[PDB]
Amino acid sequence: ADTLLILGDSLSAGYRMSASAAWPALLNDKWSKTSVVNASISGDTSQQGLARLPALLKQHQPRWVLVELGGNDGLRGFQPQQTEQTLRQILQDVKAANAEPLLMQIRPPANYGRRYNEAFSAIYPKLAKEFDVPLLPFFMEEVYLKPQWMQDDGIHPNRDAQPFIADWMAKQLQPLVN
């Protein structure tokens, strides 16, 4: 009866595959118990996601909102401060909508500069603490350990990987959606 809104990028929308092939669709099929609305768009930055949020909240009135954004910010001329501030507004909107925000940790490519990487990654733990919300692990950490689940670009998970990502997310979300 309740709805879980997913606000993410290609990792949740699916890269070079249809939405129906993406793990959130498989998760929804696994759950008439809880409705999963996948509001993810490939290439979206935290800012682009924030821009769509207001309409989505008033439209779907979700109980929980999974935030999976930031991974594109670095390649789009953004500084950790900008990303942090953008995600901060996202969490604010969610709470202000009487919904529980579920933040996912994001980690940039190993080759993006320690200076930025450690600063970027630190944004999530900080925000999770600041708002006192669940901080889910970056699901891609488990996917990297299986080349057969990665597309050529070595960045996006493939079709074969979605079913596993779906079960993994179900387990992570289970205690959070009661």
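For every residue, the number given is its place in the sequence shown, counted from 1.
In this entry, residue 31 and residue 32 are separated by 1 to 3 residues of the deposited sequence that lack coordinates. For the pair 107 to 115 and 46 to 54, the record assigns the higher mean C-alpha temperature factor to 107 to 115. Placement of the Cα temperature factor of residue 1 within the chain: highest third of the modelled residues, per the deposited record.
Sort the chain's modelled residues by C-alpha temperature factor and residue 121 lands in the middle third, per the entry. When the modelled residues of the chain are ordered by C-alpha B-factor, residue 151 sits in the middle third.
In the deposited entry, the Cα temperature factor of residue 131 places it in the highest third of its chain's modelled residues. Sort the chain's modelled residues by C-alpha temperature factor and residue 71 lands in the lowest third, per the entry.
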